[PDB]
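# Just the structure for this:
(8 chains, ligands or ions: 17)
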Amino acid sequence: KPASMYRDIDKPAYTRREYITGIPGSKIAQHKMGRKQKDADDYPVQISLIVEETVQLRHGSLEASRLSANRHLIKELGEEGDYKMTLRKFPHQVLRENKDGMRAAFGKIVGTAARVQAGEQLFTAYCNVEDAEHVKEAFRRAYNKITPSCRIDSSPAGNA
Amino acid sequence: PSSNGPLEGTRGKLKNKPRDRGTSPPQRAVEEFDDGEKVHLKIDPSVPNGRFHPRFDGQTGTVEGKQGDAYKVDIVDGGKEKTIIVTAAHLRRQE
Amino acid sequence: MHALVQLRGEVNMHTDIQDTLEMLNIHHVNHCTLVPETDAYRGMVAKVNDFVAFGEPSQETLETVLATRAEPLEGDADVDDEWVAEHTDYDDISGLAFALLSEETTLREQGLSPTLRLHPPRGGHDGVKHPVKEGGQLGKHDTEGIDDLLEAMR
Amino acid sequence: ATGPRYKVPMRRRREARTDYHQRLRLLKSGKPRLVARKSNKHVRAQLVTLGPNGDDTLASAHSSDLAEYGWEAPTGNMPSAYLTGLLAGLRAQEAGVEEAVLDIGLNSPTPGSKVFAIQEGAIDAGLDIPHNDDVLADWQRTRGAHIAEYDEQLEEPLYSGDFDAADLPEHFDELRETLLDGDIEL
Amino acid sequence: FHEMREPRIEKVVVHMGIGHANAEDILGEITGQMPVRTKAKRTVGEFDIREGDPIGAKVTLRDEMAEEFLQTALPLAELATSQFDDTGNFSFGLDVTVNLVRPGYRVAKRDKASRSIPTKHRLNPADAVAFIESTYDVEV
RNA sequence: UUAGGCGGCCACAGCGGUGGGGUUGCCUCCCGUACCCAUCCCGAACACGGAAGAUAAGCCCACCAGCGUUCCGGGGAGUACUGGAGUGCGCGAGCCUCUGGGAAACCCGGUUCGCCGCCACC
RNA sequence: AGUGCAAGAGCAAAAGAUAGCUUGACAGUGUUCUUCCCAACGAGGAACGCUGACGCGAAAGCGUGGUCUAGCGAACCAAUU
RNA sequence: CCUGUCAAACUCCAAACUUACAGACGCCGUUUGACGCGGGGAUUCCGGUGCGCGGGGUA
Ligand SMILES: [Cl-]
Ligand SMILES: [Cl-]
Ligand SMILES: [Mg+2]
Ligand SMILES: [Mg+2]
Ligand SMILES: [Mg+2]
Ligand SMILES: [Mg+2]
Ligand SMILES: [Mg+2]
Ligand SMILES: [Mg+2]
Ligand SMILES: [Mg+2]
Ligand SMILES: [Mg+2]
Ligand SMILES: [Mg+2]
Ligand code: NA
Ligand code: NA
Ligand code: NA
Ligand code: NA
Ligand code: NA
Ligand code: NA
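Numbers count the residues shown, from 1 in each chain, chains lettered A, B, ... in the order given. Ligands and ions are numbered 1, 2, ... in the order given. Take a look:
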């Protein structure tokens, strides 16, 4: 189903699992990638992917983009390159679908999504000044798999 | 409302902030008011008896005599005059 | 002491906003009233802020308007120096006006209608869809801003 | 103590000095409380009323200010208790106080105990206080008969300081006699 | 200072935690006063479902009654370190427990203005071993 | 208040900690069970009787801020949110301007180790 | 923690626990709120009195069933006091 | 210890705002009698739209 059915944040926050049952599991494989044993401060360059519009990103989307990003780094820096990227958001918002007409229309649980406020950083990578262009290219691919337009903002790094 | 009992929708107003928990000081449960005195009506979450219907929490009536130990306070619900049986424990002098 | 001029009609305005304008003695578009600068009054004009034009007028200006648009509590009688003198606690318009701005008295206490029914602004006004800081004619004005308006509605 | 949500008992409950559930039942009579308290060497009796900022003591008596009338004996026993209550009752009567309810604080309602004694004396001073005669000690034990008969099993004076040998419950009669007189300086 | 600080025996409780008694007879003779039935709480699979019901007995001794029991009880045991409480108490054995504390302990046992005893004024295993050890026997 | 009793507010009073204080005064601990009374067993407690001793507890006095709490400064912040108005912007979601209000977290620095009432009392 | 049962709420020298005693889960008649916000409407419910008779307690006092909000039924007719 | 996120049926916090009563100003009433009381007569109990806040629903 299209994200057009879920990308907006207008329904109430629906997260209380003590009242919701049958919630599908998340497809997000992992939130922390690269060398997770190392610290983010051990890196001179910090680049984040900032969402420009407030929206809801379905878990299949977070995974689809997270994957296509890290996969690029792995390919450019090796399965053990010196970097660490983080998907900081989690899909707490439960999604329904009314699948009778509008009678007893409260939908059934079909998925989950993360609510991101515009300006927030969805992804954050940490690398060495040399790999900065790869991490930028990884993000250029990641934002092509989520609803909003984004900014690839570089934080610690005045090595231009 | 899914039901229409008296304590419906009172979760907030009839509950105490954790710190005000426990038995209340006796001083105000024994206060004496004189006919004509304006008093504020607020149920004390810790005192079971002498209460009035929650809807009236917030009203400011006028004492007009008593009944037993409880006081009879006159109030105006919207445009309707009502007399409320309530003990001092749930009353404070206006001003 | 501020001069209040209603610039937007009643149709669609909140009832509680209309009721205020009424308590301030204004019941028609282009009607003006002189209000003291007190806490109670400030609350009122703040509430009317989007349908009115207010500000402190200069002594002269007030005079021009009192001459031109003031009226007795009843009747046509032109409120001029002579009228002022024979009916008020002052000698002439300037005297009355000074008392109004200094907030020592009101148009009622002197037997005058609380409302100055002005004339449409000659040359037009700056629009009733925007405030003064945006080129509109709504909201608070400069003493010079208010005067230009009052004078055009002379 | 632990966090913002932690509940701290009222000060006088922390100090384990006031039973508030009882204080409430007590204040309900709308009368003045006849506060009867004890000490190892002394016994106190106060007549308290409610006040805007705290209780008001209208009249009181302490076993120590008993000697001021002749009492040459110890001050932490039944005869001492009765008398201290009587004196307070008299001062109370003087102050314009007529009725009262017995507040024995954290003490136990044990029959014949000293608080009840404090209550009897106070009652005898002409003060109206809800009571129960058969919860009071028998006249003699009030006089101090039990102590004399204990000194009887002597072999060693029950009293160190020199105040009689076989003791004198009479001194009690003599002191009560004194208080009951209408010339005494209250 | 020392006097109102030197240890003393408050009570020696002797009990038998059977499970359903006929043993009360021995505790009475071994101590010098009546025992006390011991009910249990919660239901147990060990056919011990009955909430309130005889399961054990105990005797709380104070003063001489307590010493005169120790002048024979203690001997029948080999006191050790680990066997000591943090407050300076200890239990050996038929159970025999000995409660040790300093003078004004009534402060925390009375009704009026009661108060818990300041740790500084609380007893210690060391000070405990000492006190007792200094009375017809050896430590560890 | 050279140590007490009854309270009000009910943590600004809690938690933890340091120093000081009592020969016939006070409170205690303390000493002791013939009695009133008492322990489903224990004068432990409760109750009663009492001063040989003590200031080690408690308590009272002086003080410490590490934790908890109260209030204040500076910063976060006139940010977030928001009552009134708009032929302002935006495909839209939504945003902006004017007017009237206005946080929360957190950081840094102060404050807080109770205040007050009645009574009795070298 | 416990407090019979939803959920939310109340409670610590207790509203919980243990023990003991007791039948106020009493008769009669009301005031007030609720049912039905405002704003009329029955049964039902509750709060709070009084009269009478009682229980417990030293006493103040508490007991108009269960800590609070669900557990309820007209006229006609029958049986019953 | 450090590090990454949330809540219609969470809350150590906490608005704007709504709301009881009272005072003040304003406006109103005392020949236009308000506020209130008693009585006669209704109509009405298919509503719709914009804006703000919503709940459901891909819409
Ligand atoms: Cl009510
Ligand atoms: Cl006492
Ligand atoms: Mg709510
Ligand atoms: Mg006219
Ligand atoms: Mg023209
Ligand atoms: Mg125009
Ligand atoms: Mg010392
Ligand atoms: Mg009840
Ligand atoms: Mg039929
Ligand atoms: Mg029948
Ligand atoms: Mg509302
Ligand atoms: Na169907
Ligand atoms: Na995109
Ligand atoms: Na409370
Ligand atoms: Na038994
Ligand atoms: Na001391
Ligand atoms: Na009814």
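
# any idea how far the residue lying farthest from the centre of chain C lies from residue A:10?
No residue in chain C sits farther from the centre than residue C:86, which is 23.6 Å out by CA atoms, centre = their mean. The spacing between residue C:86 and residue A:10, counted by CB to CB, to the nearest Å, is 69 Å. Just so you know, the C-beta spots here come from the backbone N, C-alpha and C atoms, and that holds for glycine as well.

# Please apply the same query to residue A:138.
Taken as CB to CB, the span from residue A:138 to residue A:10 is 32 Å.

# Please, where are all the helices along chain A?
For chain A, applying DSSP state H gives helices covering A:59-77, A:132-142.

# So for residue C:35, which of those sits nearest?
helix A:59-77 (59.0 Å; CB to CB).

# buried residues in the closest one?
Buried residues in helix A:59-77, counted by 16 or more other CB atoms under 10 Å in any protein chain shown: A:59-67, A:69-70, A:72-74, A:77.

# Contact residues of chain C facing RNA strand F?
C:13-14, C:17, C:46, C:49-50, C:129-131, C:133-134, C:138-140 (CB under 7 Å from any atom of the strand).

# tally of neighbours for the closest residue to ligand 2 within chain C?
When distances are taken as CB to the ion, chain C reaches nearest to ligand 2 at residue C:39, 57.3 Å away. Neighbourhood size, residue C:39 [other CB atoms under 10 Å in any protein chain shown]: 7.

# now the end-to-end length of stretch E:123-140.
Separation of the first and last residues of stretch E:123-140 by CA to CA, to the nearest Å is 18 Å.

# and it, how far out from the chain's middle?
On the basis of CA atoms, centre = their mean, to the nearest Å, stretch E:123-140 sits 15 Å off its chain's mean C-alpha point.

# Let's see which of the residues of chain C next to RNA strand F end up in helices.
C:17, C:46.

# Counting neighbours, what do you get for the closest residue to residue A:5 other than its chain neighbours?
Counting by CB to CB, 6 or more residues apart in numbering or on different chains, residue A:5 lies nearest to residue A:97, which is 7.5 Å off, once chain neighbours are set aside. Look at residue A:97: counted by other CB under 10 Å, it has 12 neighbours.

# next one: residue E:69
Neighbours of residue E:69 under the rule other CB under 10 Å: 20.

# you'd agree it is in a helix?
Yes - counting by DSSP: H, G, I helix; E, B strand; the rest coil, residue E:69 is part of a helix.

# any idea how far residue E:77 is from it?
13 Å.

# Check residue A:69 too.
73 Å.

# ok, now residue B:72?
73 Å.

# Tell me which of those two has more neighbours.
The neighbour comparison of residue B:72 against residue E:77 (other CB under 10 Å) goes to residue B:72, with 16 against 13.

# Which single one of the buried residues of helix A:59-77 is nearest to residue A:153?
Among these, and counting by CB to CB, the member closest to residue A:153 is residue A:69, at 15.1 Å.

# For chain E, which residue gets nearest to RNA strand G?
Nearest residue of chain E to RNA strand G (CB to the nearest atom of the strand) works out as residue E:52 at 5.2 Å.

# Ramachandran angles for that residue?
Main-chain torsions, residue E:52, degrees, to the nearest 10: phi -80, psi 110.

# pretty sure it contacts residue E:39?
Yes - with contact defined as CB atoms under 8 Å, residue E:52 reaches residue E:39; the gap is 4.4 Å.

# Closest to ligand 2 out of the buried residues of helix A:59-77?
residue A:59 (69.2 Å).

# hang on, isn't the closest one packed against residue A:27?
Yes - counting by CB under 8 Å, residue A:59 does reach residue A:27; the two are 5.2 Å apart.

# hang on, the earlier thing: so which of the residues of chain C next to RNA strand F are also by ligand 14?
When these are checked against ligand 14 using CB under 5 Å from the ion, none falls in range.

# what's the closest of the residues of chain C next to RNA strand F to residue B:4?
residue C:14 (33.2 Å).

# Contact partners for the closest residue to ligand 1 within chain D?
In chain D, the residue that lies nearest ligand 1 is residue D:28 (22.5 Å; CB to the ion). Shown in contact with residue D:28 (CB atoms under 8 Å, 6 or more residues apart in numbering or on different chains): B:30, B:69.

# and the gap between it and residue B:45?
For residue D:28, the distance to residue B:45 - CB to CB - is 22 Å.

# Could you do residue E:56 as well?
44 Å.

# Which of these two has more residues huddled nearby?
residue E:56 (20 against 15).

# residues from chain E in reach of chain D?
E:111-115 (CB under 8 Å from any CB of the partner chain).

# if we take these, which one ends up nearest to residue E:99?
residue E:114 (17.5 Å).

# Give the helix, strand or coil label for the closest one.
coil.

# What separation do you get for it and residue D:140?
Taken as CB to CB, the span from residue E:114 to residue D:140 is 34 Å.

# Next: residue B:10.
Where residue D:140 is concerned, residue B:10 sits at a distance of 61 Å (CB to CB).

# Spit out the contact partners of the residue of chain A found nearest chain D.
Using CB to the nearest CB, residue A:18 is the residue of chain A that sits closest to chain D, at 21.5 Å. Listed by CB under 8 Å, 6+ apart, residue A:18 has no contact partners.

# So what sits opposite residue B:40 in the bridge?
residue B:60, residue B:92 (DSSP bridges).

# Could you do residue D:56 as well?
Here residue D:56, judged by DSSP bridges, has bridge partners residue D:49.

# Contact residues of chain B facing RNA strand G?
Counting by CB under 7 Å from any atom of the strand, the residues of chain B that sit close to RNA strand G are B:4-8, B:11, B:14-16, B:21-23, B:45-53, B:55, B:67-70, B:72, B:77-80, B:82-87.

# are any of the residues you listed buried, and which?
B:47, B:50-52, B:70, B:72, B:84, B:86-87.

# hang on, the earlier thing: out of the buried residues of helix A:59-77, which one sits closest to residue A:116?
Nearest to residue A:116 among the buried residues of helix A:59-77, with distances taken as CB to CB, is residue A:62, at 9.8 Å.

# How much space separates that closest one from RNA strand G?
Separation of residue A:62 from RNA strand G (CB to the nearest atom of the strand, to the nearest Å): 32 Å.

# Give me the contacts around the strand of greatest length in chain A.
Determined from DSSP state E, the single longest strand within chain A is strand A:108-116. Residues from elsewhere that reach strand A:108-116 (CB under 8 Å, 6+ apart): A:6, A:9, A:13, A:20-24, A:26, A:51, A:54-62, A:89-99, A:122, A:148.

# redo that, cut-off 7 Å
By CB atoms under 7 Å, 6 or more residues apart in numbering or on different chains, the surrounding residues in contact with strand A:108-116 are A:6, A:9, A:20, A:22-24, A:26, A:51, A:54-59, A:62, A:89-97, A:99, A:122.
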